[PDB]
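Participant: Here you go, one structure.
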Amino acid sequence: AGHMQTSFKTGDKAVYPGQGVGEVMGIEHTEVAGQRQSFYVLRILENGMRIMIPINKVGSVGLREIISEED
């Protein structure tokens with residue numbers, strides 16, 4: 001057998017490079033400068049704030065979980 005760590009859909013929670021608080025609330029899809037450009041909808045659990053994340057800097061997820069909680 002084997003195991004690995006790949007990306008997850010909406011509902012992922014991890015420490016992103018900026019604050020570390022936020023859960024992926026969805027994905028956004030729009031057209032900027034006449035070109036298709038996707039974004040990540042990150043809701044900041046701190047106060048219910050919203051911070052957009054352009055995939056241009058991300059390249060995959062940019063998130064890393066440190067919650068070492070197991071059985």
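All residue names refer to the structure tokens as shown: chains lettered A, B, ... in order, residues numbered from 1 in each chain, ligands numbered from 1 in order.
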Which residues of stretch 10-65 of chain A come within 12 Å of stretch 1-6 of chain A, and for each one, what is the closest pair of atoms and their distance in Å to one decimal, counting only C-alpha atoms, sorted by chain and residue number, as a Markdown table?

Facilitator:
```
| residue | atom | partner | partner_atom | distance |
| --- | --- | --- | --- | --- |
| A:12 | CA | A:6 | CA | 11.7 |
| A:60 | CA | A:6 | CA | 10.0 |
| A:61 | CA | A:6 | CA | 9.8 |
| A:63 | CA | A:6 | CA | 11.6 |
| A:64 | CA | A:5 | CA | 11.0 |
| A:65 | CA | A:5 | CA | 11.3 |
```

Participant: Store the residues picked out above, limited to N, CA, C and O atoms, as a PDB file, in the first residue's frame.

Facilitator:
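Result went into again.pdb, see below:
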```pdb
ATOM      1  N   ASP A  12     -11.213  23.435   2.886  1.00  0.00           N
ATOM      2  CA  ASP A  12      -9.870  23.239   3.446  1.00  0.00           C
ATOM      3  C   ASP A  12      -9.495  24.360   4.433  1.00  0.00           C
ATOM      4  O   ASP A  12      -9.807  25.533   4.197  1.00  0.00           O
ATOM      5  N   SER A  60      -0.927  26.567  -7.100  1.00  0.00           N
ATOM      6  CA  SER A  60      -1.566  25.317  -6.635  1.00  0.00           C
ATOM      7  C   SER A  60      -2.536  25.590  -5.471  1.00  0.00           C
ATOM      8  O   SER A  60      -3.745  25.681  -5.692  1.00  0.00           O
ATOM      9  N   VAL A  61      -2.017  25.759  -4.244  1.00  0.00           N
ATOM     10  CA  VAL A  61      -2.795  26.064  -3.019  1.00  0.00           C
ATOM     11  C   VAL A  61      -2.171  27.145  -2.134  1.00  0.00           C
ATOM     12  O   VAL A  61      -2.903  27.963  -1.586  1.00  0.00           O
ATOM     13  N   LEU A  63      -1.306  27.072   0.818  1.00  0.00           N
ATOM     14  CA  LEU A  63      -1.708  26.790   2.198  1.00  0.00           C
ATOM     15  C   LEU A  63      -0.895  25.614   2.782  1.00  0.00           C
ATOM     16  O   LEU A  63      -0.596  24.648   2.073  1.00  0.00           O
ATOM     17  N   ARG A  64      -0.589  25.668   4.087  1.00  0.00           N
ATOM     18  CA  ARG A  64       0.117  24.622   4.862  1.00  0.00           C
ATOM     19  C   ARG A  64      -0.477  24.463   6.265  1.00  0.00           C
ATOM     20  O   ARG A  64      -0.474  25.403   7.050  1.00  0.00           O
ATOM     21  N   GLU A  65      -1.023  23.297   6.598  1.00  0.00           N
ATOM     22  CA  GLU A  65      -1.563  23.015   7.940  1.00  0.00           C
ATOM     23  C   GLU A  65      -0.453  22.577   8.917  1.00  0.00           C
ATOM     24  O   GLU A  65       0.390  21.739   8.587  1.00  0.00           O
TER      25      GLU A  65
END
```

Participant: Tell me, as a PyMOL selection string, which residues lie within 9 Å of residue A:40, counting only C-alpha atoms; anything in the same chain fewer than 3 positions away does not count.

Facilitator: chain A and resi 24-29+51-55+61

Participant: With DSSP run on the backbone, what are the strand (DSSP E) residues within stretch 13-52 of chain A? I'd like them as a PDB file with N, CA and C atoms, in the first residue's frame.

Facilitator:
```
ATOM      1  N   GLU A  23     -10.480  29.754   6.229  1.00  0.00           N
ATOM      2  CA  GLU A  23     -10.965  28.491   5.652  1.00  0.00           C
ATOM      3  C   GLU A  23     -11.494  28.778   4.237  1.00  0.00           C
ATOM      4  N   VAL A  24     -11.094  27.984   3.238  1.00  0.00           N
ATOM      5  CA  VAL A  24     -11.508  28.165   1.835  1.00  0.00           C
ATOM      6  C   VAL A  24     -13.035  28.080   1.736  1.00  0.00           C
ATOM      7  N   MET A  25     -13.693  29.220   1.518  1.00  0.00           N
ATOM      8  CA  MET A  25     -15.158  29.354   1.470  1.00  0.00           C
ATOM      9  C   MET A  25     -15.709  29.084   0.057  1.00  0.00           C
ATOM     10  N   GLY A  26     -14.848  29.180  -0.962  1.00  0.00           N
ATOM     11  CA  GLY A  26     -15.148  28.871  -2.359  1.00  0.00           C
ATOM     12  C   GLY A  26     -14.024  29.280  -3.310  1.00  0.00           C
ATOM     13  N   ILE A  27     -14.296  29.170  -4.608  1.00  0.00           N
ATOM     14  CA  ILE A  27     -13.414  29.592  -5.705  1.00  0.00           C
ATOM     15  C   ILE A  27     -14.184  30.639  -6.532  1.00  0.00           C
ATOM     16  N   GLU A  28     -13.478  31.653  -7.027  1.00  0.00           N
ATOM     17  CA  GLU A  28     -14.001  32.696  -7.918  1.00  0.00           C
ATOM     18  C   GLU A  28     -13.380  32.589  -9.319  1.00  0.00           C
ATOM     19  N   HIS A  29     -14.171  32.917 -10.343  1.00  0.00           N
ATOM     20  CA  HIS A  29     -13.791  32.848 -11.760  1.00  0.00           C
ATOM     21  C   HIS A  29     -14.302  34.091 -12.495  1.00  0.00           C
ATOM     22  N   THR A  30     -13.384  34.934 -12.968  1.00  0.00           N
ATOM     23  CA  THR A  30     -13.685  36.178 -13.697  1.00  0.00           C
ATOM     24  C   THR A  30     -12.691  36.427 -14.843  1.00  0.00           C
ATOM     25  N   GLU A  31     -12.869  37.528 -15.569  1.00  0.00           N
ATOM     26  CA  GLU A  31     -12.037  37.983 -16.685  1.00  0.00           C
ATOM     27  C   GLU A  31     -11.522  39.408 -16.419  1.00  0.00           C
ATOM     28  N   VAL A  32     -10.220  39.532 -16.138  1.00  0.00           N
ATOM     29  CA  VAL A  32      -9.504  40.796 -15.873  1.00  0.00           C
ATOM     30  C   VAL A  32      -8.543  41.105 -17.023  1.00  0.00           C
ATOM     31  N   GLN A  35      -8.530  38.847 -20.089  1.00  0.00           N
ATOM     32  CA  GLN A  35      -8.004  37.487 -19.921  1.00  0.00           C
ATOM     33  C   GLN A  35      -8.701  36.760 -18.757  1.00  0.00           C
ATOM     34  N   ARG A  36      -8.979  35.462 -18.920  1.00  0.00           N
ATOM     35  CA  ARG A  36      -9.545  34.598 -17.867  1.00  0.00           C
ATOM     36  C   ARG A  36      -8.551  34.475 -16.704  1.00  0.00           C
ATOM     37  N   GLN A  37      -8.959  34.877 -15.498  1.00  0.00           N
ATOM     38  CA  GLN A  37      -8.147  34.809 -14.278  1.00  0.00           C
ATOM     39  C   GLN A  37      -8.990  34.326 -13.089  1.00  0.00           C
ATOM     40  N   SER A  38      -8.632  33.158 -12.561  1.00  0.00           N
ATOM     41  CA  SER A  38      -9.251  32.556 -11.374  1.00  0.00           C
ATOM     42  C   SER A  38      -8.694  33.133 -10.065  1.00  0.00           C
ATOM     43  N   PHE A  39      -9.481  33.021  -8.995  1.00  0.00           N
ATOM     44  CA  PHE A  39      -9.158  33.482  -7.644  1.00  0.00           C
ATOM     45  C   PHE A  39      -9.698  32.502  -6.586  1.00  0.00           C
ATOM     46  N   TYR A  40      -9.133  32.533  -5.383  1.00  0.00           N
ATOM     47  CA  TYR A  40      -9.568  31.760  -4.216  1.00  0.00           C
ATOM     48  C   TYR A  40     -10.354  32.669  -3.260  1.00  0.00           C
ATOM     49  N   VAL A  41     -11.542  32.223  -2.830  1.00  0.00           N
ATOM     50  CA  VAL A  41     -12.387  32.915  -1.842  1.00  0.00           C
ATOM     51  C   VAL A  41     -12.020  32.402  -0.452  1.00  0.00           C
ATOM     52  N   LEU A  42     -11.205  33.168   0.275  1.00  0.00           N
ATOM     53  CA  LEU A  42     -10.793  32.831   1.635  1.00  0.00           C
ATOM     54  C   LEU A  42     -11.524  33.728   2.644  1.00  0.00           C
ATOM     55  N   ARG A  43     -12.387  33.117   3.465  1.00  0.00           N
ATOM     56  CA  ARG A  43     -13.096  33.789   4.560  1.00  0.00           C
ATOM     57  C   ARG A  43     -12.242  33.697   5.825  1.00  0.00           C
ATOM     58  N   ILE A  44     -11.873  34.853   6.363  1.00  0.00           N
ATOM     59  CA  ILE A  44     -11.094  35.023   7.592  1.00  0.00           C
ATOM     60  C   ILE A  44     -12.003  34.781   8.807  1.00  0.00           C
ATOM     61  N   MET A  49     -14.325  38.420   7.849  1.00  0.00           N
ATOM     62  CA  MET A  49     -13.777  39.178   6.712  1.00  0.00           C
ATOM     63  C   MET A  49     -13.543  38.285   5.478  1.00  0.00           C
ATOM     64  N   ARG A  50     -13.355  38.917   4.317  1.00  0.00           N
ATOM     65  CA  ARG A  50     -13.103  38.281   3.013  1.00  0.00           C
ATOM     66  C   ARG A  50     -11.817  38.829   2.389  1.00  0.00           C
ATOM     67  N   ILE A  51     -10.917  37.942   1.967  1.00  0.00           N
ATOM     68  CA  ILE A  51      -9.656  38.289   1.290  1.00  0.00           C
ATOM     69  C   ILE A  51      -9.521  37.445   0.017  1.00  0.00           C
ATOM     70  N   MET A  52      -9.534  38.102  -1.148  1.00  0.00           N
ATOM     71  CA  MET A  52      -9.308  37.436  -2.436  1.00  0.00           C
ATOM     72  C   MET A  52      -7.843  36.997  -2.572  1.00  0.00           C
TER      73      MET A  52
END
```

Participant: Choose the residue, out of A:58, A:71, A:46, A:34, that has the smallest atom-to-atom separation from residue A:19; count only C-alpha atoms.

Facilitator: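 Of A:58, A:71, A:46, A:34, the one nearest residue A:19 is A:46, counting only C-alpha atoms.
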
Participant: Could you please determine the separation between atom CA of residue A:66 and atom CA of residue A:18 in Å, to one decimal place?

Facilitator: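 Atom-to-atom, atom CA of residue A:66 to atom CA of residue A:18, that is 14.7 Å.
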
Participant: To one decimal place in Å, what is the distance between atom CA of residue A:45 and atom CA of residue A:59?

Facilitator: 23.7 Å

Participant: So how far away is atom CA of residue A:47 from atom CA of residue A:15, in Å?

Facilitator: 16.5 Å
